>>> print(open('protein.cif').read())   # mmCIF, C-alpha atoms
data_query
loop_
_atom_site.label_atom_id
_atom_site.label_comp_id
_atom_site.auth_asym_id
_atom_site.auth_seq_id
_atom_site.Cartn_x
_atom_site.Cartn_y
_atom_site.Cartn_z
CA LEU N 1 -165.44 272.32 -57.66
CA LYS N 2 -167.94 272.28 -60.59
CA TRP N 3 -169.29 269.06 -62.06
CA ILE N 4 -170.06 266.87 -64.94
CA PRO N 5 -173.45 265.08 -64.92
CA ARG N 6 -173.67 263.44 -68.28
CA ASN N 7 -172.02 261.09 -70.83
CA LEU N 8 -173.42 257.79 -72.19
CA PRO N 9 -173.57 255.21 -69.28
CA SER N 10 -170.11 253.91 -68.37
CA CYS N 11 -171.52 251.03 -66.38
CA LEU N 12 -174.79 249.09 -66.84
CA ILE N 13 -175.43 246.59 -64.09
CA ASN N 14 -177.79 243.70 -64.76
CA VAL N 15 -180.34 243.27 -61.96
CA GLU N 16 -182.99 240.50 -61.51
CA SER N 17 -186.14 242.61 -61.90
CA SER N 18 -187.67 246.10 -61.40
CA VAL N 19 -185.34 248.54 -59.58
CA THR N 20 -187.12 250.42 -56.78
CA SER N 21 -184.38 252.38 -55.02
CA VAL N 22 -180.69 253.04 -55.71
CA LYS N 23 -178.51 254.34 -52.93
CA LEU N 24 -174.85 255.22 -52.44
CA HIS N 25 -172.60 254.16 -49.48
CA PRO N 26 -171.12 257.10 -47.43
CA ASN N 27 -167.52 255.94 -47.13
CA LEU N 28 -166.76 252.93 -49.32
CA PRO N 29 -166.88 252.87 -53.19
CA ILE N 30 -170.05 250.67 -53.02
CA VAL N 31 -173.73 251.20 -53.79
CA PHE N 32 -176.87 249.33 -53.02
CA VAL N 33 -179.98 248.61 -55.08
CA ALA N 34 -183.47 247.51 -53.96
CA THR N 35 -185.97 245.73 -56.26
CA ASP N 36 -189.37 243.94 -56.45
CA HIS N 37 -187.39 240.61 -56.21
CA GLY N 38 -187.71 241.12 -53.05
CA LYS N 39 -184.01 241.69 -52.54
CA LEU N 40 -181.12 244.09 -51.96
CA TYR N 41 -177.98 243.88 -54.09
CA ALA N 42 -174.60 245.42 -53.63
CA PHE N 43 -172.26 246.74 -56.26
CA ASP N 44 -169.01 248.48 -56.27
CA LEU N 45 -169.68 251.36 -58.74
CA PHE N 46 -166.01 251.94 -59.52
CA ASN N 47 -165.68 248.52 -61.19
CA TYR N 48 -167.96 246.34 -63.37
CA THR N 49 -169.51 243.70 -63.69
CA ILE N 50 -169.23 243.15 -59.90
CA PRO N 51 -171.45 240.67 -58.02
CA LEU N 52 -170.49 241.73 -54.49
CA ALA N 53 -173.41 240.46 -52.42
CA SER N 54 -177.12 239.68 -52.34
CA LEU N 55 -179.52 240.10 -49.47
CA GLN N 56 -182.59 237.96 -48.99
CA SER N 57 -185.16 237.75 -46.16
CA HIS N 58 -188.03 239.98 -47.46
CA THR N 59 -191.19 238.21 -48.70
CA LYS N 60 -192.80 240.44 -51.36
CA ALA N 61 -190.91 243.50 -52.72
CA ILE N 62 -188.41 246.05 -51.39
CA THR N 63 -189.45 249.62 -52.00
CA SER N 64 -186.97 251.79 -50.12
CA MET N 65 -183.56 251.64 -48.57
CA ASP N 66 -181.65 254.02 -46.33
CA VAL N 67 -178.89 254.17 -43.56
CA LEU N 68 -176.40 255.35 -46.09
CA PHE N 69 -177.12 259.13 -45.75
CA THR N 70 -175.68 260.93 -42.75
CA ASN N 71 -175.92 264.48 -41.33
CA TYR N 72 -172.29 264.66 -40.19
CA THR N 73 -168.71 263.33 -40.74
CA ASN N 74 -168.57 261.41 -37.41
CA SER N 75 -172.15 260.15 -37.80
CA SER N 76 -171.15 258.99 -41.36
CA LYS N 77 -168.31 256.82 -40.04
CA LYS N 78 -170.60 255.03 -37.53
CA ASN N 79 -173.84 255.06 -39.58
CA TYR N 80 -172.75 253.16 -42.75
CA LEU N 81 -172.66 249.97 -40.63
CA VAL N 82 -176.44 249.31 -40.49
CA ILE N 83 -178.93 249.13 -43.49
CA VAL N 84 -182.73 249.67 -43.25
CA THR N 85 -185.17 248.53 -45.88
CA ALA N 86 -188.94 248.77 -46.53
CA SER N 87 -191.35 246.24 -48.05
CA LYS N 88 -194.75 245.15 -49.25
CA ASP N 89 -194.70 242.42 -46.54
CA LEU N 90 -195.17 245.25 -44.05
CA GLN N 91 -191.68 244.79 -42.69
CA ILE N 92 -188.88 247.13 -41.83
CA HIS N 93 -185.83 244.92 -41.79
CA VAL N 94 -182.69 246.13 -40.13
CA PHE N 95 -179.41 244.72 -41.46
CA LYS N 96 -175.80 244.63 -40.32
CA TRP N 97 -173.15 245.82 -42.79
CA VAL N 98 -169.65 244.21 -42.58
CA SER N 99 -166.18 245.65 -43.40
CA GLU N 100 -165.99 243.21 -46.36
CA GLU N 101 -168.73 245.27 -48.13
CA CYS N 102 -171.70 243.00 -47.61
CA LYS N 103 -174.40 242.33 -45.06
CA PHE N 104 -173.93 239.15 -43.22
CA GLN N 105 -177.02 239.35 -41.04
CA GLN N 106 -180.49 240.77 -40.49
CA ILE N 107 -180.64 242.14 -36.91
CA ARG N 108 -184.34 243.04 -36.60
CA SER N 109 -187.72 242.79 -38.30
CA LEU N 110 -190.10 245.54 -37.24
CA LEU N 111 -193.88 245.06 -37.58
CA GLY N 112 -196.69 247.62 -37.21
CA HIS N 113 -197.99 249.07 -40.49
CA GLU N 114 -201.14 247.31 -41.87
CA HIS N 115 -200.35 247.83 -45.61
CA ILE N 116 -197.30 248.42 -48.06
CA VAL N 117 -194.37 250.30 -46.47
CA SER N 118 -193.12 252.52 -49.37
CA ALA N 119 -190.45 254.52 -47.69
CA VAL N 120 -188.05 254.26 -44.80
CA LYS N 121 -185.30 256.56 -43.48
CA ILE N 122 -182.65 256.63 -40.69
CA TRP N 123 -182.45 259.68 -38.48
CA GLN N 124 -178.91 260.78 -39.05
CA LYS N 125 -179.13 263.71 -36.62
CA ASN N 126 -179.65 261.31 -33.69
CA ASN N 127 -176.71 259.00 -34.70
CA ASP N 128 -179.07 256.18 -35.98
CA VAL N 129 -181.20 256.10 -32.77
CA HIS N 130 -184.52 256.11 -34.71
CA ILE N 131 -186.05 254.98 -38.03
CA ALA N 132 -188.95 256.73 -39.85
CA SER N 133 -191.30 254.95 -42.27
CA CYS N 134 -194.47 255.55 -44.25
CA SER N 135 -197.20 253.37 -45.74
CA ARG N 136 -200.49 252.72 -47.59
CA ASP N 137 -201.82 252.76 -43.99
CA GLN N 138 -202.08 256.59 -44.32
CA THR N 139 -199.48 256.49 -41.54
CA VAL N 140 -195.97 257.60 -40.67
CA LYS N 141 -194.20 255.56 -37.90
CA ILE N 142 -191.08 256.14 -35.77
CA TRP N 143 -189.10 253.19 -34.48
CA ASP N 144 -186.38 252.73 -31.87
CA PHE N 145 -183.38 251.26 -33.70
CA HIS N 146 -181.90 249.27 -30.80
CA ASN N 147 -185.18 247.91 -29.37
CA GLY N 148 -187.34 247.69 -32.57
CA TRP N 149 -190.24 249.41 -30.80
CA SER N 150 -192.79 251.65 -32.54
CA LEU N 151 -192.69 254.90 -30.54
CA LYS N 152 -194.67 257.53 -32.42
CA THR N 153 -197.33 257.13 -35.03
CA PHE N 154 -198.42 260.27 -36.88
CA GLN N 155 -202.00 260.28 -38.28
CA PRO N 156 -202.17 262.96 -41.01
CA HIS N 157 -203.31 262.39 -44.68
CA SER N 158 -206.52 260.77 -46.01
CA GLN N 159 -204.58 258.62 -48.55
CA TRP N 160 -201.33 256.57 -49.14
CA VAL N 161 -198.08 258.07 -47.72
CA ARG N 162 -195.39 257.58 -50.40
CA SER N 163 -192.23 259.09 -48.94
CA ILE N 164 -190.60 260.33 -45.78
CA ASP N 165 -187.49 262.60 -45.69
CA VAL N 166 -186.11 263.67 -42.29
CA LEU N 167 -184.11 266.78 -41.29
CA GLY N 168 -183.19 266.26 -37.60
CA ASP N 169 -186.04 267.95 -35.77
CA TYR N 170 -188.46 267.87 -38.78
CA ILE N 171 -190.37 265.38 -41.04
CA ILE N 172 -191.32 265.72 -44.71
CA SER N 173 -194.12 263.40 -45.88
CA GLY N 174 -195.60 263.04 -49.41
CA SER N 175 -198.76 261.34 -50.53
CA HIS N 176 -201.72 260.40 -52.80
CA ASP N 177 -203.95 263.25 -51.41
CA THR N 178 -201.76 265.58 -53.57
CA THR N 179 -200.16 267.03 -50.42
CA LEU N 180 -196.73 267.45 -48.86
CA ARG N 181 -196.63 267.82 -45.06
CA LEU N 182 -193.87 268.98 -42.75
CA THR N 183 -194.36 267.67 -39.21
CA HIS N 184 -192.38 268.52 -36.06
CA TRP N 185 -190.93 265.23 -34.78
CA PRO N 186 -190.96 265.93 -30.97
CA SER N 187 -194.53 267.33 -30.78
CA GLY N 188 -196.27 265.55 -33.69
CA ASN N 189 -197.78 268.83 -34.85
CA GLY N 190 -197.61 269.81 -38.52
CA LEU N 191 -196.04 273.14 -39.39
CA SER N 192 -197.01 272.82 -43.06
CA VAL N 193 -199.39 271.26 -45.54
CA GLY N 194 -198.23 272.16 -49.10
CA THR N 195 -201.47 271.94 -51.07
CA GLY N 196 -201.15 272.97 -54.71
CA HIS N 197 -199.99 269.90 -56.59
CA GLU N 198 -202.58 268.76 -59.13
CA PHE N 199 -201.90 264.99 -58.92
CA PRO N 200 -200.18 262.46 -56.46
CA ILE N 201 -196.81 263.46 -54.96
CA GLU N 202 -194.24 260.65 -55.26
CA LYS N 203 -191.17 262.31 -53.87
CA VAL N 204 -189.41 264.81 -51.61
CA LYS N 205 -185.86 266.08 -50.97
CA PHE N 206 -184.63 268.91 -48.65
CA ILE N 207 -182.26 271.75 -49.74
CA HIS N 208 -178.66 271.70 -48.38
CA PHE N 209 -175.56 274.04 -48.50
CA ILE N 210 -177.26 276.23 -51.10
CA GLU N 211 -179.57 278.62 -49.20
CA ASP N 212 -177.98 281.06 -51.72
CA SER N 213 -180.96 279.87 -53.88
CA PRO N 214 -183.10 283.02 -52.73
CA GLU N 215 -181.38 284.96 -55.60
CA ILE N 216 -184.05 283.57 -57.96
CA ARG N 217 -187.11 284.49 -55.76
CA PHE N 218 -187.26 286.61 -52.59
CA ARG N 219 -189.65 285.61 -49.78
CA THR N 220 -191.37 287.57 -47.96
CA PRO N 221 -191.38 290.39 -50.64
CA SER N 222 -190.19 292.86 -47.97
CA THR N 223 -187.60 293.21 -45.14
CA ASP N 224 -185.81 290.02 -46.19
CA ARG N 225 -182.61 290.31 -44.04
CA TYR N 226 -184.71 289.82 -40.87
CA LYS N 227 -185.78 286.22 -41.74
CA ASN N 228 -184.48 285.32 -45.28
CA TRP N 229 -181.47 283.51 -43.73
CA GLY N 230 -183.90 281.41 -41.56
CA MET N 231 -185.71 279.86 -44.54
CA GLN N 232 -185.92 276.03 -44.70
CA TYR N 233 -186.75 274.43 -48.05
CA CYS N 234 -187.90 271.29 -49.80
CA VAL N 235 -188.82 270.04 -53.28
CA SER N 236 -191.82 267.92 -54.39
CA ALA N 237 -192.03 265.69 -57.43
CA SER N 238 -195.40 264.57 -58.69
CA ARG N 239 -197.55 262.75 -61.24
CA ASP N 240 -198.27 266.37 -62.44
CA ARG N 241 -194.97 265.88 -64.34
CA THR N 242 -193.92 269.05 -62.50
CA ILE N 243 -191.37 269.73 -59.82
CA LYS N 244 -192.03 272.35 -57.15
CA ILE N 245 -189.76 274.27 -54.77
CA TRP N 246 -191.16 275.25 -51.38
CA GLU N 247 -189.69 277.40 -48.66
CA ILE N 248 -191.40 276.20 -45.48
CA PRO N 249 -191.68 279.13 -42.90
CA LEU N 250 -194.33 280.87 -45.07
CA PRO N 251 -196.53 277.92 -46.42
CA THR N 252 -197.12 276.94 -42.84
CA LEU N 253 -200.68 275.55 -42.96
CA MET N 254 -203.12 277.06 -40.55
CA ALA N 255 -205.85 275.10 -38.76
CA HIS N 256 -207.62 278.61 -38.46
CA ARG N 257 -207.02 279.58 -34.71
CA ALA N 258 -208.47 283.16 -35.26
CA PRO N 259 -209.39 283.46 -38.68
CA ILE N 260 -207.17 283.88 -41.67
CA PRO N 261 -203.68 284.56 -40.22
CA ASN N 262 -202.06 286.64 -43.03
CA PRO N 263 -201.16 284.42 -46.20
CA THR N 264 -201.48 281.38 -43.87
CA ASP N 265 -204.39 279.13 -45.11
CA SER N 266 -204.12 280.89 -48.51
CA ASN N 267 -202.38 279.72 -51.63
CA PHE N 268 -199.09 277.93 -50.94
CA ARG N 269 -195.86 279.94 -50.80
CA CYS N 270 -194.12 277.72 -53.50
CA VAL N 271 -190.98 279.33 -54.95
CA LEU N 272 -190.58 277.76 -58.40
CA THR N 273 -192.54 275.22 -60.46
CA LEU N 274 -190.19 273.47 -62.89
CA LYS N 275 -192.23 272.42 -65.91
CA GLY N 276 -190.56 269.76 -68.04
CA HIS N 277 -190.72 266.24 -69.30
CA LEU N 278 -193.30 263.81 -70.23
CA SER N 279 -194.41 261.47 -67.39
CA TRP N 280 -194.63 260.90 -63.61
CA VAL N 281 -191.70 262.32 -61.61
CA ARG N 282 -190.17 259.61 -59.48
CA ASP N 283 -187.17 261.42 -58.09
CA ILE N 284 -185.52 264.73 -57.36
CA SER N 285 -182.10 265.69 -55.92
CA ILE N 286 -180.18 268.84 -55.01
CA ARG N 287 -176.64 269.15 -56.35
CA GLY N 288 -176.15 272.75 -55.28
CA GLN N 289 -175.89 274.71 -58.54
CA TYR N 290 -178.36 272.31 -60.20
CA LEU N 291 -181.29 270.06 -59.34
CA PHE N 292 -181.43 266.51 -60.78
CA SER N 293 -184.58 264.49 -61.35
CA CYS N 294 -185.93 261.27 -62.90
CA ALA N 295 -189.28 260.15 -64.15
CA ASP N 296 -191.47 257.57 -65.93
CA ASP N 297 -190.37 259.34 -69.23
CA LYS N 298 -187.35 256.90 -69.34
CA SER N 299 -185.23 259.93 -68.44
CA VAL N 300 -182.86 261.64 -65.98
CA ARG N 301 -182.87 265.41 -66.25
CA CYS N 302 -180.51 268.18 -65.03
CA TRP N 303 -182.28 271.38 -64.04
CA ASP N 304 -180.74 274.80 -63.78
CA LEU N 305 -182.87 276.69 -61.30
CA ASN N 306 -180.79 279.63 -62.35
CA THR N 307 -183.30 280.99 -64.94
CA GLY N 308 -185.68 277.96 -64.49
CA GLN N 309 -184.22 276.20 -67.52
CA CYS N 310 -183.74 272.45 -67.93
CA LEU N 311 -180.08 272.55 -69.02
CA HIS N 312 -179.63 268.88 -69.98
CA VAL N 313 -181.62 265.72 -70.69
CA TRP N 314 -180.40 262.15 -70.65
CA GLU N 315 -183.55 260.49 -72.09
CA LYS N 316 -182.05 257.22 -73.44
CA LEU N 317 -180.90 256.30 -69.95
CA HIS N 318 -183.39 253.42 -69.50
CA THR N 319 -185.74 251.66 -71.94
CA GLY N 320 -188.51 251.63 -69.30
CA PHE N 321 -189.45 253.87 -66.35
CA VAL N 322 -186.72 255.38 -64.11
CA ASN N 323 -187.58 254.82 -60.44
CA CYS N 324 -184.78 256.43 -58.41
CA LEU N 325 -181.39 258.19 -58.74
CA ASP N 326 -178.71 259.00 -56.18
CA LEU N 327 -175.95 261.63 -56.34
CA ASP N 328 -172.63 261.33 -54.60
CA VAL N 329 -171.98 263.95 -51.82
CA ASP N 330 -168.83 266.07 -52.40
CA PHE N 331 -166.20 266.00 -49.55
CA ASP N 332 -162.46 266.95 -49.36
CA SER N 333 -159.97 264.41 -50.91
CA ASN N 334 -162.98 262.56 -52.34
CA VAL N 335 -164.12 265.39 -54.75
CA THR N 336 -163.28 263.55 -58.03
CA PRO N 337 -164.06 259.97 -56.61
CA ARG N 338 -167.59 261.24 -55.71
CA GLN N 339 -168.17 261.85 -59.44
CA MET N 340 -171.07 259.54 -59.99
CA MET N 341 -174.76 259.26 -60.14
CA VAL N 342 -176.55 255.96 -59.95
CA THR N 343 -179.98 255.30 -61.35
CA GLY N 344 -182.41 252.35 -61.41
CA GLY N 345 -185.22 251.36 -63.80
CA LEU N 346 -188.14 249.04 -64.59
CA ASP N 347 -185.85 247.59 -67.33
CA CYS N 348 -184.13 245.73 -64.43
CA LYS N 349 -180.84 247.64 -64.45
CA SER N 350 -178.74 249.90 -62.25
CA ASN N 351 -176.66 252.32 -64.26
CA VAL N 352 -173.57 254.29 -63.27
CA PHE N 353 -173.03 257.70 -64.83
CA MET N 354 -169.81 259.65 -64.57
#
>>> encode(input="protein.cif", output="structure tokens")
Amino acid sequence: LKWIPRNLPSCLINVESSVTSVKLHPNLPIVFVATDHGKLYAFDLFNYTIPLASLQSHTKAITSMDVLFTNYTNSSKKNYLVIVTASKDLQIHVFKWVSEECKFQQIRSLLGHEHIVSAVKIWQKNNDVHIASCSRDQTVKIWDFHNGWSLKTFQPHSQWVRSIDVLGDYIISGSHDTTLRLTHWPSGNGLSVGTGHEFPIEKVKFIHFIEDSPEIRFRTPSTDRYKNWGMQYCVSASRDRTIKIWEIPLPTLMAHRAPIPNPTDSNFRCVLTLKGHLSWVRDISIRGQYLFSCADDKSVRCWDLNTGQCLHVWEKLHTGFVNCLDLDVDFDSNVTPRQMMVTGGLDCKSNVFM
């Protein structure tokens, strides 16, 4: 099942003001947009122009949205029923999604960060038992979903934490100190600090059903079959204008417990650096065969990490900066219906690409 990532936009959805995050629903043909309004809107992406629902209750600006992504089929079916959001009012609001495609109620407001919350995520591995968030604080926080309690607070970076992406046991953070960290969620220890970005990191995504990506670069250079299948990976997007690929078992950061422990506390292990287009990279996604990305260069770009080439550019996508994109996850019977990407800009629009 190969795919099409292109055309001229076959839906353009008017939005109030600046789009901050765009996010697909797991099960239903509906997609959700967050903005500086401070509001969440809902659209059917199959049909247009569709004014399905609006959500109000944040004070200042909504900067991230999650609860849609899931780590399993059964978790999917139960998970798409909540929505979590992030804001510049220092709130993490928890919403209730209804079968009629809207949110009829806010369930919780969670308080505990002292500045701008700029990302939020549900822990899909735990069946929506916990929420992660990050902030201008310099802080990452973990919250009980069903009590609203703050349960773990990581203290890591010396500057603004911009993003948090979770993979069950592990936590990927990204920040203004030019650094990506991977922290172990149960202990609070950091396995990795990925150092070598030149400017602020805005973004992270983990790699999925495509650990066939080693074909391009083999790590360690020797005796691969011992530990090559155990490699976990992520991507960072930055104000560098560059996108990096990291495998994480070998850019583990040392704290120096002896001295230098092999290439640990050396240069980063970073697999590929994709050098492309013309402004700050706001987003980054794994398709499988390809990587997708968006940036302040008014553009959404398709990257072939086979040969490092950028195989297509959709630069007229927005007339201002592009803040976020989302791809639709392939699944049996839904193959062709999951043919979309959604994208949101500073030109106050959410756009559907087939």
>>> resolve_selection(input="protein.cif", expression="the PyMOL selection byres ((chain N and resi 133) around 9)", output="list in words")
residues 86, 92, 117, 118, 119, 120, 121, 122, 131, 132, 134, 135, 139, 140, 141, 142, 143, 163 and 164 of chain N
>>> closest_residue(input="protein.cif", among="N:326, N:110, N:320, N:314", to="residue 7 (chain N)", atoms="only C-alpha atoms")
N:314
>>> closest_residue(input="protein.cif", among="N:305, N:67, N:171, N:90", to="residue 136 (chain N)", atoms="only C-alpha atoms")
N:90
>>> residues_around(input="protein.cif", residues="residue 272 (chain N)", least_positions_apart="4", cutoff="9 Å", atoms="only C-alpha atoms", output="CSV table (one decimal) with C-alpha atoms, keeping the file's coordinate frame")
chain,number,residue,atom,x,y,z
N,216,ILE,CA,-184.0,283.6,-58.0
N,217,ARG,CA,-187.1,284.5,-55.8
N,243,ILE,CA,-191.4,269.7,-59.8
N,244,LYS,CA,-192.0,272.4,-57.2
N,245,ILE,CA,-189.8,274.3,-54.8
N,246,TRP,CA,-191.2,275.2,-51.4
N,305,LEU,CA,-182.9,276.7,-61.3
N,308,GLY,CA,-185.7,278.0,-64.5
>>> closest_residue(input="protein.cif", among="N:193, N:108, N:198, N:225", to="residue 255 (chain N)", atoms="all atoms listed in the file")
N:193
>>> residues_near_point(input="protein.cif", point="(-168.6, 264.6, -69.4)", cutoff="12 Å", atoms="all atoms listed in the file", output="VMD selection string")
chain N and resid 2 to 10 312 339 to 340 353 to 354
>>> closest_residue(input="protein.cif", among="N:41, N:181, N:215, N:264", to="residue 229 (chain N)", atoms="all atoms listed in the file")
N:215
>>> resolve_selection(input="protein.cif", expression="the PyMOL selection byres ((chain N and resi 45) around 12)", output="PyMOL selection string")
chain N and resi 9-13+22-25+28-33+42-44+46-52+328+337-343+350-354
>>> closest_residue(input="protein.cif", among="N:129, N:191, N:313, N:182", to="residue 292 (chain N)", atoms="all atoms listed in the file")
N:313
>>> residues_around(input="protein.cif", residues="residue 123 (chain N)", least_positions_apart="6", cutoff="10 Å", atoms="only C-alpha atoms", output="list in words")
residues 66, 67, 69, 70, 71, 79, 129, 130, 131, 132, 142, 145, 165, 166, 167, 168 and 169 of chain N
>>> closest_residue(input="protein.cif", among="N:203, N:239, N:257, N:277", to="residue 325 (chain N)", atoms="all atoms listed in the file")
N:203
>>> build_atoms(input="protein.cif", residues="region 42-62 of chain N", atoms="N, CA, C and O atoms", output="mmCIF file, in the frame of the given file")
data_model
loop_
_atom_site.group_PDB
_atom_site.id
_atom_site.type_symbol
_atom_site.label_atom_id
_atom_site.label_comp_id
_atom_site.auth_asym_id
_atom_site.auth_seq_id
_atom_site.Cartn_x
_atom_site.Cartn_y
_atom_site.Cartn_z
ATOM 1 N N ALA N 42 -175.711 244.562 -53.870
ATOM 2 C CA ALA N 42 -174.600 245.420 -53.630
ATOM 3 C C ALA N 42 -173.658 245.399 -54.799
ATOM 4 O O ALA N 42 -173.329 244.345 -55.340
ATOM 5 N N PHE N 43 -173.204 246.584 -55.197
ATOM 6 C CA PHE N 43 -172.260 246.740 -56.260
ATOM 7 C C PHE N 43 -171.312 247.795 -55.873
ATOM 8 O O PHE N 43 -171.735 249.024 -55.777
ATOM 9 N N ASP N 44 -170.036 247.634 -55.770
ATOM 10 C CA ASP N 44 -169.010 248.480 -56.270
ATOM 11 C C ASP N 44 -169.479 249.269 -57.516
ATOM 12 O O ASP N 44 -170.059 248.661 -58.438
ATOM 13 N N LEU N 45 -169.320 250.587 -57.571
ATOM 14 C CA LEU N 45 -169.680 251.360 -58.740
ATOM 15 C C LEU N 45 -168.459 251.762 -59.511
ATOM 16 O O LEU N 45 -168.546 252.185 -60.661
ATOM 17 N N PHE N 46 -167.273 251.635 -58.889
ATOM 18 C CA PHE N 46 -166.010 251.940 -59.520
ATOM 19 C C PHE N 46 -165.679 250.928 -60.613
ATOM 20 O O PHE N 46 -165.182 251.266 -61.687
ATOM 21 N N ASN N 47 -165.985 249.650 -60.345
ATOM 22 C CA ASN N 47 -165.680 248.520 -61.190
ATOM 23 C C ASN N 47 -166.942 247.853 -61.718
ATOM 24 O O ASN N 47 -168.020 247.972 -61.142
ATOM 25 N N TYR N 48 -166.841 247.091 -62.829
ATOM 26 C CA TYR N 48 -167.960 246.340 -63.370
ATOM 27 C C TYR N 48 -167.507 245.186 -64.245
ATOM 28 O O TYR N 48 -166.413 245.216 -64.803
ATOM 29 N N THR N 49 -168.297 244.102 -64.421
ATOM 30 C CA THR N 49 -169.510 243.700 -63.690
ATOM 31 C C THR N 49 -169.143 243.056 -62.369
ATOM 32 O O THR N 49 -168.385 242.092 -62.335
ATOM 33 N N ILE N 50 -169.670 243.568 -61.233
ATOM 34 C CA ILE N 50 -169.230 243.150 -59.900
ATOM 35 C C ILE N 50 -170.345 242.508 -59.097
ATOM 36 O O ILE N 50 -171.240 243.210 -58.646
ATOM 37 N N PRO N 51 -170.346 241.225 -58.799
ATOM 38 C CA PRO N 51 -171.450 240.670 -58.020
ATOM 39 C C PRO N 51 -170.977 240.534 -56.585
ATOM 40 O O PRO N 51 -170.538 239.471 -56.152
ATOM 41 N N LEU N 52 -171.045 241.645 -55.828
ATOM 42 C CA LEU N 52 -170.490 241.730 -54.490
ATOM 43 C C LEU N 52 -171.277 240.982 -53.437
ATOM 44 O O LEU N 52 -170.722 240.172 -52.684
ATOM 45 N N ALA N 53 -172.597 241.196 -53.349
ATOM 46 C CA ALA N 53 -173.410 240.460 -52.420
ATOM 47 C C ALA N 53 -174.877 240.616 -52.734
ATOM 48 O O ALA N 53 -175.310 241.597 -53.341
ATOM 49 N N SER N 54 -175.677 239.632 -52.283
ATOM 50 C CA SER N 54 -177.120 239.680 -52.340
ATOM 51 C C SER N 54 -177.678 239.565 -50.961
ATOM 52 O O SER N 54 -177.109 238.897 -50.103
ATOM 53 N N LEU N 55 -178.808 240.237 -50.711
ATOM 54 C CA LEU N 55 -179.520 240.100 -49.470
ATOM 55 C C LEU N 55 -180.892 239.612 -49.716
ATOM 56 O O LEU N 55 -181.628 240.187 -50.538
ATOM 57 N N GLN N 56 -181.273 238.542 -49.020
ATOM 58 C CA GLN N 56 -182.590 237.960 -48.990
ATOM 59 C C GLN N 56 -183.047 237.914 -47.566
ATOM 60 O O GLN N 56 -182.205 237.964 -46.670
ATOM 61 N N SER N 57 -184.375 237.753 -47.392
ATOM 62 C CA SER N 57 -185.160 237.750 -46.160
ATOM 63 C C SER N 57 -186.432 238.588 -46.222
ATOM 64 O O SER N 57 -187.299 238.378 -45.380
ATOM 65 N N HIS N 58 -186.680 239.428 -47.249
ATOM 66 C CA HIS N 58 -188.030 239.980 -47.460
ATOM 67 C C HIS N 58 -188.907 239.069 -48.299
ATOM 68 O O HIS N 58 -188.435 238.349 -49.178
ATOM 69 N N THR N 59 -190.229 239.086 -48.040
ATOM 70 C CA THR N 59 -191.190 238.210 -48.700
ATOM 71 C C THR N 59 -191.648 238.722 -50.056
ATOM 72 O O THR N 59 -191.748 237.943 -51.000
ATOM 73 N N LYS N 60 -191.988 240.023 -50.214
ATOM 74 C CA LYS N 60 -192.800 240.440 -51.360
ATOM 75 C C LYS N 60 -192.198 241.439 -52.329
ATOM 76 O O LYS N 60 -192.474 241.339 -53.524
ATOM 77 N N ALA N 61 -191.410 242.425 -51.877
ATOM 78 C CA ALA N 61 -190.910 243.500 -52.720
ATOM 79 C C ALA N 61 -190.292 244.544 -51.833
ATOM 80 O O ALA N 61 -190.915 244.963 -50.863
ATOM 81 N N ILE N 62 -189.071 245.011 -52.153
ATOM 82 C CA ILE N 62 -188.410 246.050 -51.390
ATOM 83 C C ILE N 62 -188.543 247.349 -52.129
ATOM 84 O O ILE N 62 -188.255 247.474 -53.323
#
